[PDB]
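Enquirer:
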Amino acid sequence: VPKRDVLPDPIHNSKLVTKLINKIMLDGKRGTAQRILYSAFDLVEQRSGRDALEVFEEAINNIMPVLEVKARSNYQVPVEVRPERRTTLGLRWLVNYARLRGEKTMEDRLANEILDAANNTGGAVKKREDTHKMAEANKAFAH
Amino acid sequence: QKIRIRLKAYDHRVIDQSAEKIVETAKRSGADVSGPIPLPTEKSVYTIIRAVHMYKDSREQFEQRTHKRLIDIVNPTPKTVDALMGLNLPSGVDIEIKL
Amino acid sequence: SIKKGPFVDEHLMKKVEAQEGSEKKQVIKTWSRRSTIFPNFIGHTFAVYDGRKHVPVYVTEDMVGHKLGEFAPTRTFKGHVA
Amino acid sequence: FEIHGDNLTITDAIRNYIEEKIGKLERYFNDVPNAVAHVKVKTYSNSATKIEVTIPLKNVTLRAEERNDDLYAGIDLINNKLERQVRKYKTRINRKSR
Amino acid sequence: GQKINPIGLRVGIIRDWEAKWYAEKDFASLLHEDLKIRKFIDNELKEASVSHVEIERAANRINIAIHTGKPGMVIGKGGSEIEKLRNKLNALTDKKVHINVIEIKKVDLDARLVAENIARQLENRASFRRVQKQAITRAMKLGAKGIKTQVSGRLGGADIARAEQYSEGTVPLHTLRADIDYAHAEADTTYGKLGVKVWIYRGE
Amino acid sequence: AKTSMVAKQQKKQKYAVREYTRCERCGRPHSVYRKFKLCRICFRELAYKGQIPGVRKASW
Amino acid sequence: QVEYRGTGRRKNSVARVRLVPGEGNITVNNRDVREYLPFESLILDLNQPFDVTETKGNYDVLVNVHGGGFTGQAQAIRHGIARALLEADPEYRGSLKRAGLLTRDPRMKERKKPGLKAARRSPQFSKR
RNA sequence: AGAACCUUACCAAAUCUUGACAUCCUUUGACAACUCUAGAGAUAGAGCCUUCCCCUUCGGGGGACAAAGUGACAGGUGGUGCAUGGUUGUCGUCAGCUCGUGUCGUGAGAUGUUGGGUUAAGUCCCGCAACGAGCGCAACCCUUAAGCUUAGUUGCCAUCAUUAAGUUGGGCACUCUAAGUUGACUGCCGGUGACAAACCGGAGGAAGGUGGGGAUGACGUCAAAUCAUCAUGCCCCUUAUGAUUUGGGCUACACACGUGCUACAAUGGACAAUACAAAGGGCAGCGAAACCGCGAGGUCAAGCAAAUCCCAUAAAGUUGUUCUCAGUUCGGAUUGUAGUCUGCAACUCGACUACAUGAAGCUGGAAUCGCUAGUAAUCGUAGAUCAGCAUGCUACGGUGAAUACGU
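Residue numbers (PDB author numbering), protein chains in the order written: chain g, 7 to 78, 83 to 153; chain j, 4 to 102; chain s, 4 to 85; chain v, 4 to 101; chain c, 2 to 205; chain n, 2 to 61; chain i, 5 to 132.
1) Along the chain, where does the beta strand (DSSP E) that runs through residue 62 (chain g) open and close?
2) Between g:106, g:73, g:27 and g:36, which lies nearest to residue 144 (chain g) when the distance is taken from Cα to Cα?
3) Compile a chain-ordered list of the residues in the segment 40-68 of chain i whose CB is closer than 9 angstroms to at least one CB of chain g.
4) Residue 47 (chain v): which of v:71, v:41 and v:56 sits nearest, CA to CA?
5) Got a sec: is the Cβ-Cβ distance from residue 2 (chain c) to anything in chain n below 8 angstroms?
6) Let me confirm a value: residue 55 (chain g) is counted as buried when at least 16 other C-beta atoms fall within 10 Å, else exposed. Which label applies?
7) Please classify residue 44 (chain c): does DSSP put it in a helix, a strand, or coil?
8) Look at residue 65 (chain v) and residue 58 (chain v) and say whether their C-beta atoms are less than 8 angstroms apart.
9) Which one of v:32, v:76, v:69 and v:99 has the shortest CA to CA distance from residue 91 (chain v)?
10) Quick one: using the 10 Å Cβ neighbour count with 16 as the cut-off for buried, is residue 43 (chain i) buried or exposed?
11) Are the CB atoms of residue 82 (chain j) and residue 38 (chain j) nearer to each other than 8 angstroms?
12) How about residue 144 (chain c): is its Cβ closer than 7 angstroms to a heavy atom in the ligand SAM?
13) Between residue 93 (chain c) and the rest of its own chain, which residues show a CB-CB distance below 7 angstroms, the 5 nearest in sequence each way excluded?
14) Short of 9 angstroms Cβ to Cβ, which residues in the segment 17-32 of chain n face chain j?
15) From the beta carbon of residue 37 (chain n), is the nearest beta carbon of chain c less than 8 angstroms away?
16) Closest Cβ-Cβ distance between residue 41 (chain n) and chain c: below 8 angstroms?
17) Going by the beta-carbon positions, is the gap between residue 78 (chain i) and residue 9 (chain i) smaller than 8 angstroms?
18) Any beta carbon of chain j sitting closer than 8 angstroms to that of residue 50 (chain n)?
19) Which partner residues of residue 9 (chain j) appear in the DSSP bridge assignment?
20) Is there a Cβ from chain j that is less than 8 angstroms from the Cβ of residue 21 (chain c)?
21) What are the start and end residues of each continuous alpha helix (DSSP H) run of 4 or more residues lying completely inside the segment 24-93 of chain v, in chain order?
22) What is the C-beta distance between residue 94 (chain j) and residue 59 (chain c), in whole angstroms, given that I count them as a contact (C-beta under 8 angstroms)?
23) Please give me, in chain order, every unbroken run of the alpha helix (DSSP H) with length at least 4 that falls completely inside the segment 42-70 of chain i.
24) Can you confirm whether residue 1 (chain j), when its beta carbon is compared against all beta carbons of chain n, has any partner nearer than 8 angstroms?
25) Select from the segment 35-62 of chain c all residues with a C-beta closer than 9 angstroms to any C-beta belonging to chain j, and list them in chain order.
26) By Cβ distance below 6 angstroms, which residues in the same chain neighbour residue 19 (chain i) in space, the five residues on each side in sequence not counted?
27) For residue 147 (chain c), which three-state DSSP category applies?
28) DSSP beta-bridge partners for residue 88 (chain g)?
29) Residues of chain n with CB closer than 9 angstroms to the CB of residue 51 (chain j), please, in chain order.
30) Going by C-alpha to C-alpha distance, which of c:104, c:199, c:162 and c:147 sits closest to residue 153 (chain c)?
31) Thinking C-beta only, is residue 126 (chain g) closer than 8 angstroms to residue 49 (chain g)?
32) Pick out whichever of v:95, v:80, v:10 and v:5 has its Cα sitting closest to the Cα of residue 37 (chain v).
33) Please name the residue or residues paired with residue 19 (chain i) in a DSSP beta bridge.
34) Have a look at residue 207 (chain c) and residue 169 (chain c) and give me their C-alpha separation to the nearest angstrom.
35) Would DSSP call residue 8 (chain v) helix, strand or coil?
36) Would residue 26 (chain g) and residue 13 (chain g) be called neighbours here (beta carbons separated by less than 8 angstroms)?
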């Protein structure tokens, strides 16, 4: 029932990188995931060069929702999120959109995504929008 | 100058107590005996299905056990020889008297 | 393949030994799976027991994209409709 | 369905008959993922004509069998079973308040 | 599952091996050597009604010791039989023997003895169940803590297969410290095959 | 049937290998071992016997 | 001088931690931790026993090691260290056990059984 | 849990009939090797050497024999898993399932096994015409996590000196190694609780709530499966429904079903350098080094029934270089060419190596499947089955996460 914590990030002394390398960690291969992510911390901290946390923390407060929905006859209820699920899903659409740019690099699509997302654009700020258009559209018949 | 042996039987009590038999009869008329230096005692595996015609997925397993015992003794003499070939029993042990 | 190299059952070859010096024959019946073509067998006929019945195959000149063990595969029409 | 016949050689006559019958169920709904038929001559020695049938359904399936004198009586008697074994299912009918 | 005689589950802990010799990889010779003896004992089964025999094989000899309830039979008066058994055996074992009968005590309590017993009263045209009635009767008599006794086949020389068992005395079976002696038998007269599966519990 | 085949795997050969090591007690050729020459199932039966040592069991 | 020492056990990977006063430095198998264990940039976590015990530090190190891969083998390091720190001072056991790392993880792999194949996947059922 | 012959049950032909083979009775006998002829072999035709070996007083007895007779017989993969035994899947590792005694009731039947709590569970406790007992769960056993002891080689090197190398000296101290120890049992405490049953929490402890898994699978349902494991009731056959040989076939394909494997690529492909396991096999088998070769393999031969020697070197990965998004160095089917091993024999029907050729295919539609942590997923390793041969099975490890609100 607990959620099997990750201790710190051993890179810049954050944490959610660790939560995030594991989401790049496909096939159980960590080093290639860690590789391409930290590389993205080179690229995004280069272009319009800045700290990791400006683009990162801002962008993941531009897409990281506050309300979601669940079904139950079938009546979709708007719901308050548990912050682990909030952050969870933010990163979910983060990587799961990161491939969906349709590009070549390991990192540009990432750093494009978090840079774009720090600027309140792209499909992750979008899914925050549309998600919160399912929230307060569906307040009525299930809250 | 030394004596050495190898034992192989399929019960862990009898084999080492038997080692105490020959070792007791050995340091009786000798000494300088290496204690029962253990050995890894590997195994085997044999898998068979609980069936006759069909039902392969539902099966059963078996194995084999294989004890080895390394025991030696130094400053040899014909008395410890008779202690070697004197009392090996029960005969499930597979003694291999060597030097 | 073979261990250096080509071979014969050493009765079939021992037969065509008697067939091949004189006025040759156009007829040999056999079973001939452990034996294969080479230029002593030329000018003769063979009929390898397919498994039900032998059938004639006359040894032609460059029968080298081909061998003795089979000439009409015993799957035999076809086995299939098409 | 592996329309196989134990100790009876499935002709095209039998296949035609069978499939023909299940066509009638397009009333509901077909939706044809698969179907099977087990038929056998089991000597009693009055000796049979056994029919066991299987229907895989949407989110579920329904088996059906029966014995009788001959194959055609077995297919007709087992009919009117795998219809009511199917009909009804649904509706189910809305709530909550509140 | 579904079930197994616990002996397979009890062995390696609470009982000797049913046949023994030194541990070398020449087993196909020596196992199928043992079996040639295991066959021949059936001639004595009709004369001895022994439970079983476990063989030892000394470094150049063989020792077997037969668990019988008929000592003077197998011993004979003065060993007029055991010695031609040595040689008719040694003839076939291609190697000698030192038989030494190990008579059964307690005495006719055992599973196998009773097993083929009731199989044979059954083979002599007997209403099956009473045989088990007298069996269990003399069973709790002799002092035993748990029994049942099962039967299968075409009982009474009649129509299709049946079964039955009379359970009495608490029988720890799903335990691992029971030390119990499962058995089996086979005997028909005219209609099929009717074996039995007796059970006991004596000590732990 | 297998009755003559009993002699087949016991008969001599033209050469080394057109042979097999079937079971002794049973005549099932397939699913056998060169260690004991026993079919799949006689081994099961006589492993329960604990005739040979044998072990059996369930330590893997 | 003096030197402390301990043993390490996890994940089919064994280590004989030899822990000595010193700068704080590693040559496992007479070879440094860093290039030896791929990649690896995780060795803060290996020095977190120093982040919590006699913090900061430092004590130099030696260890012989074999078996399993880097994960357990880098992770077989600690319990010999932390145990050698119980042997150093049991006072920090209250600072250790409240934070772990002297509790050797009893977990390991499993056995097989019927159901498994090349990929550790149990079988499907009959659809259609 | 290995169909080229064998296997093979199926087919062709060449074949035999107390027979392929077995016992009995009769006649003998140590039991037949090497070639020749034919045969496709089976096998014959012969030559030929199998040649009473233990006992024998002259003979006989006898282990074992020849071909023949001998009638029983042999044999049946001929049928009947609904004539059966045996063996095994199943719901279900669910939590239930019965009885002796007594009561009740015309009677079938109920009681116990019900009501309250509680546990994963008929787990326990309370109350109760019910009481007691059984099978069943747990437990008992195996493995695993900690320590103590016992012992130190082929195992380890801590102090050392030392070798390329624990190689040598030495030490068993360490790890390791196999057997008895101590340990976890709500056990200690705190709380909640009909104070009991219990439950929540806390301390320590290596391990707290049957630590994890393994084994064990109740009564029983499925007229479940198997006469082809073995055995067997009954029926049937018997110059064949039996048995011998060479070849075929059991694998053919317009197609479909299931199951797995491999691709559809830059999280990547091609290439160079480099780090890490577990388990287990080996006697004439494991074949070290060296040597040959594009490699499969070929030569040689050290060692070794194994803590040793060898098998056997781990892959993923790490370091770099390049490719720079093509139906591409993706891709890897296709077909041919030239070769290695085994086999008497690789054509129907063995695998593999070198060269070329480069199909479809850009994540799969409706529908649909598994999985709660070292799990999934992925990459390796060995073993059996074996002359040869596993995209399969079994076992071993390496790496290695997301989710679990609530019902």
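For each residue, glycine too, the CB sits at the ideal point set by N, CA and C.
Expert: From the atom records:
1) Taking the first sequence and counting its residues from 1, one reaches residue 62 (chain g) at position 56. Looking at the DSSP string, residue 62 (chain g) is not in any beta strand (DSSP E); the run it does join, the alpha helix (DSSP H), is 58-65.
2) One-based indexing of the first sequence puts residue 144 (chain g) at position 134. Among g:106, g:73, g:27 and g:36, the Cα nearest to that of residue 144 (chain g) is on g:73.
3) 42, 43, 44, 45, 46, 47, 48, 49 and 52
4) Position 44 of the fourth sequence, counting from 1, holds the residue named residue 47 (chain v). Selected option, being the one with the closest Cα: v:71.
5) Start at 1 with the first residue of the fifth sequence, and residue 2 (chain c) comes out as number 1. So, not an interface residue.
6) On the first sequence, residue 55 (chain g) is found 49 positions in, with the first residue counted as 1. Label assigned to residue 55 (chain g): exposed.
7) Translated into the one-based positions of the fifth sequence, residue 44 (chain c) becomes position 43. Helix, per DSSP.
8) Within the fourth sequence, numbered from 1, the residue matching residue 65 (chain v) stands at position 62. Within the fourth sequence, numbered from 1, the residue matching residue 58 (chain v) stands at position 55. Going by C-beta atoms, residue 65 (chain v) is nearer than 8 angstroms to residue 58 (chain v).
9) Translated into positions along the fourth sequence, residue 91 (chain v) becomes position 88. Here the closest residue by C-alpha is v:32.
10) For this step, residue 43 (chain i) is matched to residue 39 along the seventh sequence. Classification for residue 43 (chain i): exposed.
11) As a position in the second sequence, residue 82 (chain j) is number 79, starting the count at 1. As a position in the second sequence, residue 38 (chain j) is number 35, starting the count at 1. Against a cut-off of 8 angstroms, the Cβ pair of residue 38 (chain j) and residue 82 (chain j) comes out as no contact.
12) Although the ligand SAM was asked about, the structure shown includes no ligands whatsoever.
13) The residue labelled residue 93 (chain c) in the question sits at position 92 within the fifth sequence. Contacts found: 37.
14) 32
15) Against the sixth sequence, residue 37 (chain n) aligns to sequence position 36. Output row for residue 37 (chain n): interface = yes.
16) As a working note, residue 41 (chain n) is residue 40 in the sixth sequence. Chain c contact via Cβ: absent.
17) Here residue 78 (chain i) corresponds to residue number 74 of the seventh sequence, with the count starting at 1. Here residue 9 (chain i) corresponds to residue number 5 of the seventh sequence, with the count starting at 1. Cβ atoms of residue 78 (chain i) and residue 9 (chain i): not closer than 8 angstroms.
18) If you number the sixth sequence from 1, residue 50 (chain n) lands on position 49. By this cut-off, residue 50 (chain n) is not an interface position.
19) Counted from its first residue, the second sequence places residue 9 (chain j) at position 6. Answer is j:73.
20) Residue mapping note: residue 21 (chain c) aligns to position 20 of the fifth sequence, counting from 1. It does: the Cβ of residue 21 (chain c) has a partner Cβ on chain j nearer than 8 angstroms.
21) 74-81
22) One-based indexing of the second sequence puts residue 94 (chain j) at position 91. One-based indexing of the fifth sequence puts residue 59 (chain c) at position 58. Right, the Cβ-Cβ distance comes to about 5 angstroms (below 8 angstroms), so this counts as a contact.
23) 47-56
24) Given that chain j is displayed from residue 4 to residue 102, the structure contains no residue 1 (chain j) and the question cannot be resolved.
25) 57, 58, 59 and 60
26) Working through the seventh sequence from its first residue, we reach residue 19 (chain i) at position 15. Cβ neighbours of residue 19 (chain i) beyond the five flanking positions: 12, 67, 69, 80, 81 and 84.
27) Within the fifth sequence, the letter at position 146 stands for residue 147 (chain c). DSSP places residue 147 (chain c) in strand when its eight states are reduced to three.
28) The count along the first sequence starts at 1 and reaches residue 88 (chain g) at position 78. Residue 88 (chain g) is bridged to g:75.
29) Start at 1 with the first residue of the second sequence, and residue 51 (chain j) comes out as number 48. Result: 32, 41, 42, 44, 45 and 48.
30) What you label residue 153 (chain c) is simply residue 152 of the fifth sequence in a count that begins at 1. Of the listed residues, the one whose Cα sits closest to residue 153 (chain c) is c:162.
31) Within the first sequence, the letter at position 43 stands for residue 49 (chain g). Within the first sequence, the letter at position 116 stands for residue 126 (chain g). No.
32) The residue labelled residue 37 (chain v) in the question sits at position 34 within the fourth sequence. Per the Cα distances, v:5.
33) Position 15 of the seventh sequence, counting from 1, holds the residue named residue 19 (chain i). Residue 19 (chain i) pairs with i:12 and i:69.
34) Within the shown structure, residues of chain c are numbered from 2 to 205, placing residue 207 (chain c) beyond reach of any answer.
35) Residue numbering aside, residue 8 (chain v) sits at position 5 when the fourth sequence is read from its first letter. Strand, per DSSP.
36) Mapped onto the first sequence, residue 26 (chain g) falls at position 20. Mapped onto the first sequence, residue 13 (chain g) falls at position 7. No, these two residues do not count as a Cβ contact at 8 angstroms.
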